[PDB]
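See below for work-v1.txt, which holds compact mmCIF, C-alpha atoms and all ligand atoms.
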```txt
# COMPACT_ATOMS: atom_id res chain seq x y z
CA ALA E 1 -38.70 26.37 22.30
CA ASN E 2 -40.93 25.03 19.54
CA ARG E 3 -38.67 23.55 16.77
CA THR E 4 -38.14 26.05 13.94
CA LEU E 5 -40.47 25.10 11.06
CA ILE E 6 -38.98 24.44 7.62
CA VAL E 7 -41.00 26.25 4.94
CA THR E 8 -40.69 25.10 1.33
CA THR E 9 -41.53 27.78 -1.24
CA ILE E 10 -40.77 28.92 -4.81
CA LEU E 11 -39.91 32.24 -6.46
CA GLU E 12 -43.07 33.67 -8.08
CA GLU E 13 -44.04 37.35 -8.38
CA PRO E 14 -45.57 38.92 -6.23
CA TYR E 15 -45.83 35.96 -3.83
CA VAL E 16 -42.11 35.27 -3.19
CA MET E 17 -39.41 37.61 -4.58
CA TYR E 18 -35.85 38.60 -3.79
CA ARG E 19 -35.78 41.79 -1.73
CA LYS E 20 -33.60 44.55 -3.23
CA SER E 21 -30.99 45.90 -0.82
CA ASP E 22 -27.63 47.72 -1.04
CA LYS E 23 -26.47 45.72 1.97
CA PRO E 24 -26.25 41.95 2.68
CA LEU E 25 -29.43 40.05 3.54
CA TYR E 26 -29.43 36.57 5.08
CA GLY E 27 -31.97 33.85 5.72
CA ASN E 28 -35.60 34.91 5.48
CA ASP E 29 -34.62 38.56 5.02
CA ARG E 30 -33.63 37.73 1.43
CA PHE E 31 -37.33 37.32 0.53
CA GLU E 32 -40.45 39.44 0.35
CA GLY E 33 -43.96 39.21 -1.06
CA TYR E 34 -47.55 38.18 -0.37
CA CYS E 35 -46.52 34.72 0.97
CA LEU E 36 -43.84 36.20 3.24
CA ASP E 37 -46.46 38.55 4.74
CA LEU E 38 -48.83 35.55 5.07
CA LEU E 39 -46.06 33.67 6.90
CA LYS E 40 -45.52 36.60 9.28
CA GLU E 41 -49.24 36.59 10.12
CA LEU E 42 -49.59 32.79 10.41
CA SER E 43 -46.46 32.44 12.55
CA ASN E 44 -47.75 35.13 14.96
CA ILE E 45 -51.08 33.32 15.38
CA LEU E 46 -49.56 29.84 15.73
CA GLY E 47 -46.47 30.79 17.79
CA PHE E 48 -43.54 29.67 15.65
CA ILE E 49 -40.47 30.94 13.81
CA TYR E 50 -39.47 29.43 10.49
CA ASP E 51 -36.79 28.96 7.90
CA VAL E 52 -37.71 29.65 4.26
CA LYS E 53 -36.06 27.25 1.80
CA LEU E 54 -36.55 27.49 -1.97
CA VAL E 55 -37.59 24.12 -3.40
CA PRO E 56 -34.37 22.64 -4.82
CA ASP E 57 -35.84 21.51 -8.17
CA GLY E 58 -37.77 24.77 -8.66
CA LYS E 59 -41.06 22.91 -9.30
CA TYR E 60 -44.56 23.16 -7.78
CA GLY E 61 -45.07 19.42 -8.15
CA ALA E 62 -46.55 16.69 -10.30
CA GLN E 63 -46.43 12.94 -10.52
CA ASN E 64 -44.61 11.02 -13.23
CA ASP E 65 -45.24 7.76 -15.07
CA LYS E 66 -43.98 5.77 -12.03
CA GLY E 67 -46.24 7.80 -9.72
CA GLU E 68 -43.30 9.63 -8.15
CA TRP E 69 -43.80 13.28 -7.19
CA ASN E 70 -41.46 16.24 -7.48
CA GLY E 71 -41.36 19.91 -6.40
CA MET E 72 -42.86 21.29 -3.18
CA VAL E 73 -45.33 18.42 -3.11
CA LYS E 74 -42.40 15.92 -2.90
CA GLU E 75 -40.76 18.02 -0.11
CA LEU E 76 -43.94 17.64 1.98
CA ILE E 77 -44.51 13.95 1.18
CA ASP E 78 -40.87 13.22 2.16
CA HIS E 79 -41.15 15.36 5.33
CA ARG E 80 -38.29 17.56 4.18
CA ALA E 81 -40.47 20.57 5.01
CA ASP E 82 -43.12 21.28 7.65
CA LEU E 83 -45.16 23.65 5.46
CA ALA E 84 -45.37 24.87 1.87
CA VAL E 85 -46.32 28.55 1.83
CA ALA E 86 -46.52 29.48 -1.82
CA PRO E 87 -49.18 29.96 -4.52
CA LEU E 88 -49.82 26.22 -4.28
CA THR E 89 -52.96 25.15 -6.01
CA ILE E 90 -55.38 22.91 -4.13
CA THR E 91 -56.19 19.95 -6.36
CA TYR E 92 -57.79 16.47 -5.98
CA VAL E 93 -54.59 14.68 -7.06
CA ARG E 94 -52.49 16.64 -4.57
CA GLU E 95 -55.01 16.47 -1.72
CA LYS E 96 -54.74 12.65 -1.77
CA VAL E 97 -50.99 12.87 -0.96
CA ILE E 98 -50.61 16.00 1.24
CA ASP E 99 -52.88 17.97 3.62
CA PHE E 100 -53.88 21.40 2.38
CA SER E 101 -55.17 24.25 4.49
CA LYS E 102 -58.39 25.93 3.42
CA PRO E 103 -57.77 28.36 0.54
CA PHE E 104 -56.29 31.84 1.10
CA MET E 105 -56.86 33.02 -2.51
CA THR E 106 -59.04 31.99 -5.44
CA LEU E 107 -58.13 31.81 -9.12
CA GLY E 108 -58.66 29.98 -12.36
CA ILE E 109 -56.60 29.06 -15.39
CA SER E 110 -56.80 31.54 -18.26
CA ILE E 111 -54.67 32.56 -21.29
CA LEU E 112 -51.82 35.11 -21.44
CA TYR E 113 -50.81 36.39 -24.85
CA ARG E 114 -49.82 39.54 -26.72
CA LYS E 115 -52.42 41.86 -28.16
CA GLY E 116 -53.89 41.99 -31.63
CA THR E 117 -55.19 38.51 -32.44
CA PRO E 118 -58.76 37.30 -33.01
CA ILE E 119 -58.21 34.48 -30.48
CA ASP E 120 -60.90 34.90 -27.87
CA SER E 121 -60.99 31.54 -26.05
CA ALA E 122 -59.34 28.15 -25.40
CA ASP E 123 -61.45 26.73 -28.26
CA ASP E 124 -60.00 29.36 -30.65
CA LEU E 125 -56.50 28.75 -29.36
CA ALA E 126 -56.72 24.94 -29.78
CA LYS E 127 -58.18 25.27 -33.28
CA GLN E 128 -55.75 27.70 -34.82
CA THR E 129 -52.30 26.58 -35.91
CA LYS E 130 -50.37 29.92 -35.97
CA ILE E 131 -49.57 30.34 -32.25
CA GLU E 132 -47.94 27.72 -29.99
CA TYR E 133 -49.13 27.35 -26.36
CA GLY E 134 -48.18 25.59 -23.15
CA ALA E 135 -47.93 25.83 -19.39
CA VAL E 136 -45.37 25.64 -16.57
CA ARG E 137 -43.93 22.10 -16.54
CA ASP E 138 -45.02 20.10 -13.47
CA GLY E 139 -47.52 22.63 -12.11
CA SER E 140 -51.28 22.30 -11.64
CA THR E 141 -52.16 23.91 -15.00
CA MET E 142 -50.13 21.22 -16.77
CA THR E 143 -51.87 18.56 -14.69
CA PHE E 144 -55.29 20.11 -15.40
CA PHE E 145 -54.83 19.54 -19.12
CA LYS E 146 -53.22 16.14 -18.58
CA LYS E 147 -56.25 14.89 -16.61
CA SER E 148 -58.99 16.65 -18.61
CA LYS E 149 -61.86 14.72 -20.21
CA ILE E 150 -63.08 17.86 -22.03
CA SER E 151 -62.42 17.45 -25.77
CA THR E 152 -60.79 20.86 -26.45
CA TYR E 153 -58.54 20.39 -23.39
CA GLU E 154 -57.66 16.80 -24.36
CA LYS E 155 -56.47 18.19 -27.74
CA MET E 156 -54.53 20.97 -26.00
CA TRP E 157 -52.83 18.39 -23.77
CA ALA E 158 -51.95 16.18 -26.76
CA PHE E 159 -50.42 19.28 -28.41
CA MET E 160 -48.49 20.44 -25.31
CA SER E 161 -47.30 16.90 -24.64
CA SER E 162 -46.24 16.43 -28.29
CA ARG E 163 -44.26 19.69 -28.17
CA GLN E 164 -43.27 19.26 -24.51
CA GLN E 165 -39.57 20.10 -24.99
CA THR E 166 -40.57 23.60 -26.07
CA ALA E 167 -44.22 24.09 -25.09
CA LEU E 168 -43.80 23.32 -21.37
CA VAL E 169 -41.76 26.11 -19.77
CA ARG E 170 -39.59 25.97 -16.64
CA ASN E 171 -41.38 28.71 -14.77
CA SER E 172 -43.80 31.61 -15.21
CA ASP E 173 -41.00 34.11 -15.87
CA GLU E 174 -39.66 32.03 -18.78
CA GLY E 175 -43.23 31.59 -20.03
CA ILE E 176 -43.78 35.37 -19.99
CA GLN E 177 -40.53 35.86 -21.95
CA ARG E 178 -41.68 33.26 -24.48
CA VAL E 179 -45.01 35.12 -24.89
CA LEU E 180 -43.16 38.40 -25.46
CA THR E 181 -40.52 37.10 -27.88
CA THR E 182 -42.19 34.27 -29.86
CA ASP E 183 -45.71 33.35 -31.12
CA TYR E 184 -46.62 31.51 -27.95
CA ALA E 185 -49.50 31.84 -25.49
CA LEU E 186 -49.15 30.83 -21.85
CA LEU E 187 -51.85 29.00 -19.92
CA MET E 188 -51.49 30.84 -16.59
CA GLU E 189 -53.44 31.28 -13.33
CA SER E 190 -55.68 34.37 -13.38
CA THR E 191 -54.11 36.06 -10.31
CA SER E 192 -50.71 35.90 -12.04
CA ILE E 193 -52.29 37.24 -15.26
CA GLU E 194 -53.87 40.09 -13.29
CA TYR E 195 -50.47 40.94 -11.82
CA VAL E 196 -48.46 40.92 -15.06
CA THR E 197 -51.02 42.64 -17.29
CA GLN E 198 -51.15 45.66 -14.99
CA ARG E 199 -47.35 46.02 -15.33
CA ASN E 200 -46.63 45.08 -18.91
CA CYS E 201 -49.09 46.77 -21.27
CA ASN E 202 -48.08 44.53 -24.20
CA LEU E 203 -49.76 41.59 -22.46
CA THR E 204 -53.43 40.68 -22.16
CA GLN E 205 -55.70 37.96 -20.83
CA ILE E 206 -57.52 36.00 -23.55
CA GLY E 207 -60.98 34.67 -22.70
CA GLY E 208 -62.34 34.00 -19.24
CA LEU E 209 -61.43 31.57 -16.50
CA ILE E 210 -61.46 27.92 -17.56
CA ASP E 211 -61.87 26.61 -14.00
CA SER E 212 -62.07 27.83 -10.41
CA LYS E 213 -59.97 26.78 -7.43
CA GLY E 214 -57.76 27.99 -4.60
CA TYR E 215 -54.22 28.32 -3.24
CA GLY E 216 -53.62 26.68 0.14
CA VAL E 217 -50.78 26.08 2.55
CA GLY E 218 -49.48 22.49 2.12
CA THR E 219 -48.47 20.22 4.98
CA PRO E 220 -47.51 16.52 5.07
CA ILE E 221 -50.48 14.18 5.59
CA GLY E 222 -51.16 13.96 9.32
CA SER E 223 -49.51 17.28 10.11
CA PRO E 224 -50.57 18.72 13.47
CA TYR E 225 -50.24 22.21 11.91
CA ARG E 226 -52.71 21.92 9.02
CA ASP E 227 -55.86 22.49 11.12
CA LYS E 228 -54.21 25.31 13.10
CA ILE E 229 -53.22 26.88 9.77
CA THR E 230 -56.75 26.52 8.40
CA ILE E 231 -58.14 28.22 11.52
CA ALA E 232 -55.55 31.05 11.18
CA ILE E 233 -56.37 31.51 7.48
CA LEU E 234 -60.09 31.80 8.26
CA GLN E 235 -59.26 34.37 11.00
CA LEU E 236 -57.20 36.41 8.48
CA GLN E 237 -59.96 36.03 5.85
CA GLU E 238 -62.68 37.25 8.20
CA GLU E 239 -60.55 40.13 9.58
CA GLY E 240 -60.05 41.38 6.01
CA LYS E 241 -56.29 40.89 6.28
CA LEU E 242 -56.01 38.58 3.27
CA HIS E 243 -57.81 41.21 1.18
CA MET E 244 -55.45 43.93 2.43
CA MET E 245 -52.41 41.77 1.63
CA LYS E 246 -53.64 41.24 -1.92
CA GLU E 247 -54.17 44.99 -2.40
CA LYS E 248 -50.63 45.65 -1.08
CA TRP E 249 -48.89 43.30 -3.52
CA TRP E 250 -51.03 43.74 -6.64
CA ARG E 251 -51.77 47.54 -6.65
CA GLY E 252 -52.29 49.42 -8.95
CA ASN E 253 -53.54 50.30 -11.69
CA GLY E 254 -51.07 50.19 -14.64
CA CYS E 255 -52.49 49.68 -18.16
CA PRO E 256 -55.55 50.69 -20.24
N1 LIG R 301 -49.95 27.36 -8.82
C1 LIG R 301 -49.53 26.25 -9.72
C2 LIG R 301 -48.29 26.64 -10.51
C3 LIG R 301 -48.59 27.56 -11.69
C4 LIG R 301 -49.36 26.87 -12.84
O1 LIG R 301 -49.39 25.62 -12.89
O2 LIG R 301 -49.94 27.57 -13.69
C5 LIG R 301 -49.25 24.99 -8.90
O3 LIG R 301 -49.49 25.02 -7.72
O4 LIG R 301 -48.77 23.96 -9.40
```
This structure in structure tokens:
Amino acid sequence: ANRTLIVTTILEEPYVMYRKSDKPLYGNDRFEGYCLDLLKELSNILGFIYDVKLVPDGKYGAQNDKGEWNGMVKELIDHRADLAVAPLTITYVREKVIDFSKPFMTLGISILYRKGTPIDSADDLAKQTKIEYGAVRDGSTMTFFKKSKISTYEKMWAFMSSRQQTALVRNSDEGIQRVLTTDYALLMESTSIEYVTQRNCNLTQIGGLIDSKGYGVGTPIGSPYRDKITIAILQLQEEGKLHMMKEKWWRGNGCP
């Protein structure tokens, strides 16, 4: 039998979530969401079973001062996992160190805040001094600001970096709590904003999308699965299955 593939992933609504049950769940049965459905589809097409393992450090992945990576990216580089099936953003810096599939979903960074302010854009947000802002530590939004040569974004990075202890949150859930409970705006991917703002009517997107990019399945460089995965993703795309999966996990339809 084909060796069981090790899948690195991360908890993120509605991509990967704990299933609610009144009875014990083990292994993969503990999880549900868009990425679990994607895995079910991909594994059918490619002919494997798999073992879902949450990334031990709970990070997506970024490189430090010394050039060392962490998170799911590190798991792939170190061949601790065969695949990363998660909302893993396809970026230039990452693509140099792992092999991504073609994208299964598109998105862009935008702003999540409460309602009622005159802040209408990143420019507004960077200029004002009332509201703090940041991003998930060691994810692609953080790295976007870190690498930016756009003046407003350079300022925003200097600010986030200066206030890193507080401004850079552990995960999206903690960032949402910080938005709700303090004067803080979260720089968050638009698909995640879409999800949360249709469920919590106290939240809103501010401004438009600041960039445009995709989520892809990650594999270690040289993986024999990456191209097979790309082909499977395109099949699912063309068959309308990716669209259906998005409708299943995002619907409805929740706030004015
Ligand atoms: N999808 C991002 C994590 C979320 C974010 O950075 O806003 C990543 O792959 O690193």
Which residues of segment 95-133 of chain E sit at most 12 Å from segment 168-175 of chain E, using only C-alpha atoms? Give each one's shortest atom pair and distance in Å (one decimal place), in chain and ascending residue order, as a Markdown table.
```
| residue | atom | partner | partner_atom | distance |
| --- | --- | --- | --- | --- |
| E:111 | CA | E:175 | CA | 11.5 |
| E:112 | CA | E:175 | CA | 9.4 |
| E:113 | CA | E:175 | CA | 10.2 |
| E:132 | CA | E:168 | CA | 10.5 |
| E:133 | CA | E:168 | CA | 8.3 |
```
Do you know which residues are within 8 Å of ligand LIG 301 (chain R) using all atoms listed in the file? Can you write them as a PDB file with C-alpha atoms, in the frame of the given file?
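This is the output file pocket.pdb:
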```
ATOM      1  CA  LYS E  59     -41.060  22.910  -9.300  1.00  0.00           C
ATOM      2  CA  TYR E  60     -44.560  23.160  -7.780  1.00  0.00           C
ATOM      3  CA  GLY E  61     -45.070  19.420  -8.150  1.00  0.00           C
ATOM      4  CA  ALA E  62     -46.550  16.690 -10.300  1.00  0.00           C
ATOM      5  CA  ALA E  86     -46.520  29.480  -1.820  1.00  0.00           C
ATOM      6  CA  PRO E  87     -49.180  29.960  -4.520  1.00  0.00           C
ATOM      7  CA  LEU E  88     -49.820  26.220  -4.280  1.00  0.00           C
ATOM      8  CA  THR E  89     -52.960  25.150  -6.010  1.00  0.00           C
ATOM      9  CA  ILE E  90     -55.380  22.910  -4.130  1.00  0.00           C
ATOM     10  CA  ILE E 109     -56.600  29.060 -15.390  1.00  0.00           C
ATOM     11  CA  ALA E 135     -47.930  25.830 -19.390  1.00  0.00           C
ATOM     12  CA  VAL E 136     -45.370  25.640 -16.570  1.00  0.00           C
ATOM     13  CA  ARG E 137     -43.930  22.100 -16.540  1.00  0.00           C
ATOM     14  CA  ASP E 138     -45.020  20.100 -13.470  1.00  0.00           C
ATOM     15  CA  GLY E 139     -47.520  22.630 -12.110  1.00  0.00           C
ATOM     16  CA  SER E 140     -51.280  22.300 -11.640  1.00  0.00           C
ATOM     17  CA  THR E 141     -52.160  23.910 -15.000  1.00  0.00           C
ATOM     18  CA  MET E 142     -50.130  21.220 -16.770  1.00  0.00           C
ATOM     19  CA  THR E 143     -51.870  18.560 -14.690  1.00  0.00           C
ATOM     20  CA  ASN E 171     -41.380  28.710 -14.770  1.00  0.00           C
ATOM     21  CA  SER E 172     -43.800  31.610 -15.210  1.00  0.00           C
ATOM     22  CA  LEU E 187     -51.850  29.000 -19.920  1.00  0.00           C
ATOM     23  CA  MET E 188     -51.490  30.840 -16.590  1.00  0.00           C
ATOM     24  CA  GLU E 189     -53.440  31.280 -13.330  1.00  0.00           C
ATOM     25  CA  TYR E 215     -54.220  28.320  -3.240  1.00  0.00           C
TER      26      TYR E 215
END
```
_Calculated over all atoms listed in the file, which of the candidates E:22, E:12, E:239, E:95 has the smallest distance to residue 55 of chain E?_
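Closest candidate: E:12.
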*Which residue of E:193, E:85, E:214, E:159 approaches residue 38 of chain E most closely, using only C-alpha atoms*: E:85
*Excluding residue 4 of chain E and any residue of its chain fewer than 4 positions from it, enumerate the residues within 7 Å of it, using only C-alpha atoms, and give them as an MDAnalysis selection string.*
chainID E and resid 48:51
*For residue 107 of chain E, please output as an NGL selection string all residues within 6 Å (counting all atoms listed in the file; exclusion window: fewer than 4 positions along the same chain).*
:E and (190-191 or 212-214)
*Which one is closest to residue 118 of chain E: E:206, E:162, E:13, E:181? Count only C-alpha atoms.*
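For residue 118 of chain E, the nearest of the candidates is E:206.
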*Which residue, E:200, E:64, E:151, E:101, has the smallest gap to residue 176 of chain E when you use all atoms listed in the file?*
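Of the candidates, the smallest distance to residue 176 of chain E is held by E:200.
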*Would you please work out which residue, of E:167, E:42, E:209, E:5, is nearest to residue 232 of chain E when using all atoms listed in the file?*
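Nearest candidate to residue 232 of chain E out of E:167, E:42, E:209, E:5: E:42.
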*Given the choices E:94, E:20, E:53, E:251, which gets closest to residue 70 of chain E if the distance is worked out from all atoms listed in the file?*
E:94
*Provide the atom CA of residue 230 of chain E to atom CA of residue 83 of chain E distance in Å, to one decimal place.*
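Interatomic distance, atom CA of residue 230 of chain E to atom CA of residue 83 of chain E: 12.3 Å.
For the pair atom CA of residue 34 of chain E and atom CA of residue 115 of chain E, the interatomic distance is 28.5 Å.
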*Can you work out the spacing between atom CA of residue 6 of chain E and atom CA of residue 218 of chain E in Å, to one decimal?*
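Computing the Euclidean distance for atom CA of residue 6 of chain E and atom CA of residue 218 of chain E yields 12.0 Å.
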*If I put a ball of radius 12 Å at (-62.4, 29.4, -23.8) in the file's coordinates, which residues poke into it when counting only C-alpha atoms, written as a VMD selection string?*
chain E and resid 109 to 111 119 to 127 150 152 to 153 156 187 205 to 211
